[PDB]
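Colleague: Those protein sequence lines, which keep their order, are chains C, N and G.
Position 78, counted from 1, in the first sequence is what PDB author numbering calls 79; the numbers after and before it change by one each time, with no gaps.
Position 45, counted from 1, in the second sequence is what PDB author numbering calls 46; the numbers after and before it change by one each time, with no gaps.
Position 131, counted from 1, in the third sequence is what PDB author numbering calls 134; the numbers after and before it change by one each time, with no gaps.
Even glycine gets a Cβ: it sits at the ideal position worked out from N, Cα and C.
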Amino acid sequence: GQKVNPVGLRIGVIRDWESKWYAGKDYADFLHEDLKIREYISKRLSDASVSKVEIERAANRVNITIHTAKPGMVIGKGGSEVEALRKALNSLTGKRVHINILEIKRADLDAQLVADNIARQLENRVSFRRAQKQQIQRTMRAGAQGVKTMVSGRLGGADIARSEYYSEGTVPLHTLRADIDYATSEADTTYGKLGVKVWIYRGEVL
Amino acid sequence: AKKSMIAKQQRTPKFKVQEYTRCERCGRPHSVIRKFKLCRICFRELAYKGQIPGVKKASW
Amino acid sequence: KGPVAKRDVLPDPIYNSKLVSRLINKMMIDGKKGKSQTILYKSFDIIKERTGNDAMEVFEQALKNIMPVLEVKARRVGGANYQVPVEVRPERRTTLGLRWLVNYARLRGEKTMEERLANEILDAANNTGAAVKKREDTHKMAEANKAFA
RNA sequence: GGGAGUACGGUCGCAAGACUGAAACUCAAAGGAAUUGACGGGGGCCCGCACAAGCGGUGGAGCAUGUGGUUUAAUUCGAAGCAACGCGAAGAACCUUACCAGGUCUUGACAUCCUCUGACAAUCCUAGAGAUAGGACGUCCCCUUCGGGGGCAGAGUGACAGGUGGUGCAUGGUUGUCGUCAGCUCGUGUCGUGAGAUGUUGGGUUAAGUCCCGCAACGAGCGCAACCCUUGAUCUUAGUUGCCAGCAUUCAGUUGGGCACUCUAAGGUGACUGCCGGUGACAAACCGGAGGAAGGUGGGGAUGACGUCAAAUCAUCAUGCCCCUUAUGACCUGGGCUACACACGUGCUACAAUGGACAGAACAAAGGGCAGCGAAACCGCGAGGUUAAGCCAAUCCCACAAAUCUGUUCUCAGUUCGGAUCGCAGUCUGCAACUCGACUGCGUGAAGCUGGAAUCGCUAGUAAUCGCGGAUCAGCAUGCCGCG
RNA sequence: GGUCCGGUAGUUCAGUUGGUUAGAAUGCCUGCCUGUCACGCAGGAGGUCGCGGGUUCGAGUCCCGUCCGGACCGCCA
């Protein structure tokens, strides 16, 4: 079938687990706890865009950092909503939590945000050509070494699904020394389901 | 008919045998792993996505 | 593709008489080490008793009497399936002779393996073995079809 | 274009026929030249246990399992040449379970809300599978400038919920396959008019579109190689729960001592055609040596290009139609998924003296263990039972490895082979072992004395054999994964 | 109407004579080959003899009769 995921291949050799803590004999419920907390932030902060979240379990008290740049408004006058969401987190996790927010510079070349973007104007009904083409030029203007974008599904032609891509530069997936960042997002429209995948090559790792 | 039976899974039955294991992230009754309480496809998804803090892809 | 050849299970290099060579190594195509070498030694001995002379001497005399020089291979040319004889290379010669030795050693059917191989050593030292029989069989059939080349 | 050089009528001919020559009807094409592909029982090179050279097998027998067919109330669905068939399913007594029989319920197994009681259900007796009927703590929390709010349920209601109810030919997300094959393409420029070509062809070379030299191409990308992991050789660091070398003492490194060595695992060093000689135009390479633990990508793993199969998956997900709430949605019990006249596949075990039985002697790696591993000891012939030591583990436990070797016996037979199927008595687990589990002691002992036409795997720690772990897990493995 | 023939696996022919054995191609079933089918290659069953009666230890095969077909003849005025 397909390839393996580049970042799944690169986990542990170039990439972090973003769950850096260790559990033993509480691994299970700890693990499903990281799943539902990720679900909570994912469908709460979907407006302000989140890419990835790192969970720390220092002295079993959970500790969170959240990435990306648009939550600069979450950091700002919305210290109240930061406190409220954190109160809901301690409502969900028993033992309390502490959260931090990390700004991301060049949020254009982060795969999660790219995929969420393409899913958004695919819901907003721009042509997939226009969406992919402006996004790819925006990333390689930002300084990415090479970007390939995917789309699949009923691309207007509901009677037969197909797939479309554009890519330039270099995207060496076969080289494990490369830094790759992968996203998938699922654009839902009246036609059914439209699939978005995107991955970014950003130079090698010495 | 999928979701009545997972309700049957969390709410307790009358005998110690009847607690058949399940994965609640994706409700497959077969092939869950006791170490994570999680079955195959929804294990592999989040495994490549980054969680399970110590899993790496084997090669020897 | 590409012809390759390799050493296997040769004994110690210096003062290698063939008797010590097959005393410490060699032949052993019966299976695994253990119940392959012990039995071979017993067969080798039960013929010193039978003929009071050198076991390895009569053993290579048996091998010599088993040694062929012609072996035939088939061909697809023509709708009649002609077969063409070729000269046998010496490594092929010794391994093939030893192959027939061991296979009608286990085929000849006496009560136990050591006397089976012992009688095979005698019946290959003299020319009255099944392996000697098939040796002359392929020899005479190669001489029969030798016209082709 | 057919009809058709046919019909008719003339003109020749001895004849065969020749010349002259319609139409009706019918089709929307038929054609010429060229391009890219594909194919060739066309040609030129090359590779792959592809064939050869061998080894061990399958189909012959029994048994396990999957599948087809048949049958049943149902034998739940999906899978179909390679590339479906010890496949989802890394485990069906109920559960799982969807299917069937019966007994049930309808805002409901369940989610968000609405309106009231406001905290709430639990727990044991009666019929009783659900569930009903009554009692028993029985509807009882927290903040409350004590007004009232919040949590957390109950009751009732209406929007709703639930669909393993189909559609992989609507789909996303997935996966196999050619194929680990060396191919696949693009920018710019030339040539054609255009289809397109050139790059990517030629000479040489390589595992490789690998590289070199040519050449209207010049470059670039996905590819390939490397970068990652492991396995091979060594240095330094650190010596305990490992090691024992010189020591002294034990049943045993056991201790007293000590990291020497092994080992552990981090950081490293090392192999790159590096060097020499030769061939090759000197180029790329190729061949042989010296070295070197390792030599020509050292071995193995991971890694799967553009695409093909409208391949499969609506059983993770989701517009689309359809299902109803007096059922395609729930609950409960029992049955079924394990049937059986046959066939196919994949495995296991045998047909024996390179053996079988009995006694003795050894020698591994890799993993697992807390509602867990469970030592020793005792009981029991044995499955196991009893009190129980230690271990969250380089300490303890699983855990006595087997094949192997030495000796005694059997003496070539349907057998001291082979154990199939049965009867009896038990062990464990589980509410429960009948459909429908595994194991033990018994007794009985099957066919089968190397298997047609055929057909498969395998280039060295491989094949072939030998055991040992793990997952799934109440109990269940000949299957799978991995280890030596 | 008389005479002579035969009545056998699903089909076509041997055996029907040897009183003392029911066979051969083809078809059909199963397996192999092939992508599939066909050829091609391994295996296997079947009839119990038109019918009825009689002889004999024993009738397919002996002897009668019935039925079914076929051949021949049915002439002289």
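Quick one: complete alpha helix (DSSP H) runs, 4+ long, within the segment 91–116 of chain G?
Modeller: Taking only runs of at least 4 residues, the alpha helix (DSSP H) segments lying wholly in the segment 91–116 of chain G are 93–110.
Colleague: Give me the chain C residues within the contact set of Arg26(N), using Cβ-Cβ distance strictly less than 8 Å, ordered along the chain.
Modeller: Taking the first residue of the second sequence as position 1, residue 26(N) is located at position 25. Simply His33, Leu36.
Colleague: Would you kindly check if the distance between the Cβ of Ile50(G) and the Cβ of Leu104(G) is under 8 Å?
Modeller: Locating residue 104(G) in the third sequence gives position 101, where the first residue counts as 1. Locating residue 50(G) in the third sequence gives position 47, where the first residue counts as 1. For the pair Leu104(G) and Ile50(G), the CB atoms are not nearer than the 8 Å cut-off.
Colleague: Could you tell me the alpha carbon to alpha carbon distance between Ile67(C) and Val5(C), rounded to whole angstroms?
Modeller: For the purposes of this step, residue 67(C) is taken as residue 66 along the first sequence, with counting starting at 1. For the purposes of this step, residue 5(C) is taken as residue 4 along the first sequence, with counting starting at 1. Roughly 27 Å between the two C-alpha positions.
Colleague: Under 8 Å between C-beta atoms, does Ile42(N) make it to chain C?
Modeller: Residue numbering aside, residue 42(N) sits at position 41 when the second sequence is read from its first letter. For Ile42(N), the answer is no, since every Cβ of chain C falls outside 8 Å of its Cβ.
Colleague: Does the segment 79–95 of chain C come close enough to the segment 28–39 of chain C that 3 or more CB-CB pairs lie under 8 Å?
Modeller: yes
Colleague: Any C-beta of chain N sitting closer than 8 Å to the C-beta of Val8(C)?
Modeller: If you number the first sequence from 1, residue 8(C) lands on position 7. Yes, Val8(C) counts as interfacial toward chain N.
Colleague: Mind listing, in chain order, the continuous beta strand (DSSP E) runs of no fewer than 3 residues lying wholly within the segment 25–87 of chain G?
Modeller: Qualifying beta strand (DSSP E) stretches, in chain order: 73–77.
Colleague: Starting from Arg45(N) and walking both ways along the alpha helix (DSSP H), at which residues does that stretch end?
Modeller: In the second sequence, the residue the question calls residue 45(N) occupies position 44. Note, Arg45(N): alpha helix (DSSP H), 41–50.
Colleague: Between which residues of its own chain and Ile34(N) is the CB-CB distance below 8 Å, once the five residues before and five after are set aside?
Modeller: Here residue 34(N) corresponds to residue number 33 of the second sequence, with the count starting at 1. Counting only Cβ-Cβ distances below 8 Å, and skipping sequence neighbours, we find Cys40, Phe44.
Colleague: Please work out which residues of its chain come closer than 8 Å, Cβ to Cβ, to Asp109(C), disregarding the five sequence neighbours upstream and downstream, and give them in chain order.
Modeller: Position 108 of the first sequence holds residue 109(C). Cβ within range, chain order: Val115, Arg139, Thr140, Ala143.
Colleague: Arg39(C) by DSSP, collapsed to three states: which one?
Modeller: Along the first sequence, read from residue 1 onward, the residue named residue 39(C) stands at position 38. The answer is helix: DSSP assigns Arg39(C) an H, G or I state.
Colleague: Buried or exposed for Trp61(N), please, with buried defined as at least 16 other CB atoms from any protein chain shown within 10 angstroms of its CB.
Modeller: The residue you call residue 61(N) lines up with position 60 of the second sequence. The residue is exposed, with fewer than 16 neighbouring Cβ atoms inside 10 Å.
Colleague: Does any C-beta atom of chain C lie closer than 8 Å to the C-beta of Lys38(N)?
Modeller: Working through the second sequence from its first residue, we reach residue 38(N) at position 37. Output row for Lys38(N): interface = yes.
Colleague: Taking one C-beta from the segment 167–186 of chain C and one from the segment 6–19 of chain N each time, how about it: are there three or more such pairs within less than 8 Å?
Modeller: no
Colleague: Taking all protein chains shown into account, decide if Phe62(G) is buried (16 or more other Cβ within 10 angstroms of its Cβ) or exposed.
Modeller: Here residue 62(G) corresponds to residue number 59 of the third sequence, with the count starting at 1. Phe62(G) should be labelled buried.
Colleague: What residues from the segment 44–61 of chain N come within 9 Å of chain C, judged by C-beta to C-beta, listed N to C?
Modeller: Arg45, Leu47, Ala48, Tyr49, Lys50, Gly51, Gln52, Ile53, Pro54, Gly55, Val56, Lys57, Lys58
Colleague: Could you name the residues that DSSP lists as bridge partners for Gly196(C)?
Modeller: Numbered from its first residue, the first sequence carries residue 196(C) at position 195. Answer is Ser153(C), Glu187(C), bridged to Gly196(C).
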